[PDB]
């Protein structure tokens, strides 16, 4: 077993999550971090080859349970409509190094797709806390010399806005600890507490491309009035979905796949 998986759940039961995070990032100095000068390489995932003239891409967030083991859910719902590429995160499997700073990592997966694609249109579709990174990737892609086609976000909570909700959900992530398709050993945790320091210094920029949210449904509890729901500081158009945070996409992947079919046909 392990030693950290123990404190993970003993924190959520009482209420001392914040103090735990200040501990984690403390160990993020003792490794072999890379930069745009040495050498690295990854190998894409083999998934679907379905029909379509516009393919879609996707990725994962930070919440431990992330991985290329759970998106096979939406894979079946989207088949017939369009293809789906699988871009894995650099680290979740024996034999890998860690980043150096926020605007450094992006010079890696940039070159990889500029070799395999060719001349096909695409779009993005992330989830969870990761809905921040999915936005950041589209920025460097815009002026390098190859603009996207349109993003579709799903539940988010960016910095410089709501100081309450955020850390309030992480407290729940430790209490709601039902099993996942993969075991939680001594590697999938040190990465979670690592991006915490990163996501606290970023602040969005103003761009001009078509956005689309897909909000949730029934609240976790007997919550008061208007004290939730995402609200980005820019401008966009929205569409809902029936469900809740922690699961949604799993047992509700057919729904969203239809909410996107109506979008791509106009804008």
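Residue numbers count along the first chain shown, from 1.
Tell me which of 3-11 and 256-264 has the higher mean C-alpha B-factor in the deposited entry. Between 256-264 and 3-11, it is 256-264 that shows the higher mean C-alpha B-factor.
Between 231-239 and 26-34, which has the larger average Cα B-factor in the PDB entry? The recorded data point to 231-239.
Can you tell me which of 152, 132, 102, 98 has the highest Cα temperature factor in the record? Checking the PDB record, the top C-alpha B-factor among 152, 132, 102, 98 is at 152.
Taking the values exactly as deposited, rank residue 94 by C-alpha B-factor within its chain and report the matching third: lowest, middle or highest. CA B-factor rank for residue 94: lowest third.
Would you check the entry's CA temperature factor for residue 147 and let me know if it's in the chain's lowest, middle or highest third? Tercile = highest for this residue's CA B-factor.
Place residue 111 in the lowest, middle or highest third of its chain's C-alpha B-factors, as listed in the PDB entry. CA B-factor rank for residue 111: lowest third.
Please place residue 76 in the lowest, middle or highest third of its chain by C-alpha B factor as given in the entry. Middle third.
Going by the entry, which third of its chain does the Cα temperature factor of residue 58 land in? Residue 58: CA B-factor falls in the middle third of its chain.
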